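S.K.: quick one: experimental structure and sequence below.
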Amino acid sequence: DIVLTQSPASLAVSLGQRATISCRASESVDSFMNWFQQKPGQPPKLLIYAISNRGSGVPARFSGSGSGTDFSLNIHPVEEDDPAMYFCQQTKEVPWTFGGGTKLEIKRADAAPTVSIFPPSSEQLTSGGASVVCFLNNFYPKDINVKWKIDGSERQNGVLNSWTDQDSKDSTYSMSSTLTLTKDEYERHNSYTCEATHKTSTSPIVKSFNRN
Amino acid sequence: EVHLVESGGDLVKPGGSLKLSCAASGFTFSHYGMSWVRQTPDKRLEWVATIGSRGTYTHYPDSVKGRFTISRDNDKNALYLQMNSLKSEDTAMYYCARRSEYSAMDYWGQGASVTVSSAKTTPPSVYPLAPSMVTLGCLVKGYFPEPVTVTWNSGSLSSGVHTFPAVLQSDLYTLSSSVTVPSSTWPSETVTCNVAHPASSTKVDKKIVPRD
């Protein structure tokens, strides 16, 4: 069973630059080496086959090279629409195998999140539950911390966070943070706050509401 | 254009069986070999099976050999994948793909979701999220299994939307979706998100109404 190893795991490159992803095969492959591109919500798509031939429909921006054990994919110029998961594949012989996959992220200027906080809807309250939602949309870089505060005091439990893949238009990220409490807990406090602390500004962006 | 549409995905008990189908269109089916590839939650790609164009041969990897069977009906331009003796380890997104010419997987299906678990189907609870521009949202809480699709205004509202990946919250999934619109639009007009959970045949429309 041949084994493919890609590097790096993740790759961040500025617009226009050159993208280089590598894959090393534990055994010969003769030239059965191909590369696939997979964008979120989509199935993998054939980029390069026989290590140098671009797939019918693939733009010149892409190209692969190498020989023997390891090969590599090169994108240049890297565009806004390139962030994705890239995998190399071996078809020389059964069982066919795939590289572990490598995530390509575009690099852009910092961007502050547009923050929105939402109180629990009356419907959820009627059923004894209370989820407070906060959205941090279109920011950059991806790493950012969210802190919840109830009546001024930080809450740790009941928080679920979720990040979206990088936007393929403005190259930003978006994130959701949900603080789920019980109706009774909710009714015992009045002020709820969502705080986004980044690094591109260690000055937090806050949003909050009062139950009354 | 070459098209491969899959169907048959679903939650099945361990040991149970499941039949996945892939409908080919846009080429001479009988002139091309076909394969199934799966992608586990860890995002890794794993070859599952292939069949000759005539169907005179078929092979599999050790992981599924003896449990999975590939079939095709060139008369109806369909590819199949019978899975028996299913395991939790088999839960993944399954894709069908066409083999070309050299030979490579140039065309893939949209993917069918398969979840092997003892947990039963649980429809979601959908709560409306009401607060230059404005951001509204929908909370899709406590459902099983994945996935759900969300739409705003039957699909009319397509831009300014952010649907976050589902997150497991105690054996149950929850996700939310946000939509940003110009103040002109809301609350002037009515905004409603459309949630669909096929597994439970659930279909709901929740209107975003201001509070008070």
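M.R.: Noted; the coordinates are in hand. Numbers count the residues shown, from 1 in each chain, chains lettered A, B, ... in the order given.
S.K.: switch to C-alpha atoms for all contacts and neighbour counts from now on
M.R.: OK.
S.K.: and chain A, what are its domain boundaries?
M.R.: A:1-108, A:109-212 (curated CATH domains).
S.K.: could you redo the ones you listed as TSV and give each row distance to chain B?
M.R.: Output for the domains of chain A, formatted as TSV (distance: least, Cα to the nearest Cα, whole Å):
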stretch	distance to chain B
domain A:1-108	5
domain A:109-212	5
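S.K.: which one, of these, ends up nearest to residue B:15?
M.R.: Among those, domain A:1-108 comes nearest to residue B:15, with 24.6 Å by Cα to Cα.
S.K.: just the terminal-to-terminal distance for the closest one.
M.R.: Length of domain A:1-108, first residue to last, Cα to Cα, to the nearest Å: 40 Å.
S.K.: cool, stretch B:21-34 as well?
M.R.: Taking Cα to Cα as the criterion, the two ends of stretch B:21-34 lie 12 Å apart.
S.K.: so what touches it?
M.R.: Contacts to stretch B:21-34, defined as Cα atoms under 8 Å, 6 or more residues apart in numbering or on different chains, come from residues B:1-8, B:50-55, B:74, B:77-81, B:96-100, B:109.
S.K.: of those residues, which belong to strands?
M.R.: B:3-7, B:50-51, B:78-81, B:96-99 (DSSP state E).
S.K.: quick one, which of these are buried?
M.R.: Neighbour-count burial (16 or more other Cα atoms under 10 Å in any protein chain shown) applied to the ones in strands among the contacts of stretch B:21-34 gives B:3-6, B:50-51, B:78-81, B:96-99.
S.K.: those residues into a markdown table, with extra columns for distance to residue B:16?
M.R.: Supplementary listing: those in a markdown table, determined by distance: Cα to Cα, whole Å:
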| residue | distance to residue B:16 |
| --- | --- |
| B:3 | 30 |
| B:4 | 26 |
| B:5 | 24 |
| B:6 | 20 |
| B:50 | 22 |
| B:51 | 24 |
| B:78 | 23 |
| B:79 | 21 |
| B:80 | 17 |
| B:81 | 14 |
| B:96 | 21 |
| B:97 | 25 |
| B:98 | 28 |
| B:99 | 30 |
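S.K.: as TSV, those with distance to chain A would be great.
M.R.: Putting those into TSV (distance: Cα to the nearest Cα, whole Å) gives the following:
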residue	distance to chain A
B:3	13
B:4	11
B:5	12
B:6	12
B:50	10
B:51	13
B:78	19
B:79	17
B:80	18
B:81	17
B:96	10
B:97	10
B:98	11
B:99	11
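S.K.: looking at those residues, which is nearest residue B:140?
M.R.: residue B:6 (25.6 Å).
S.K.: bridging residues for the spatially closest residue to that closest one that is not a sequence neighbour?
M.R.: Leaving aside its sequence neighbours, residue B:6 sits nearest to residue B:22 (Cα to Cα, 6 or more residues apart in numbering or on different chains; 4.2 Å). For residue B:22, the beta-bridge partners under DSSP bridges are residue B:6, residue B:79.
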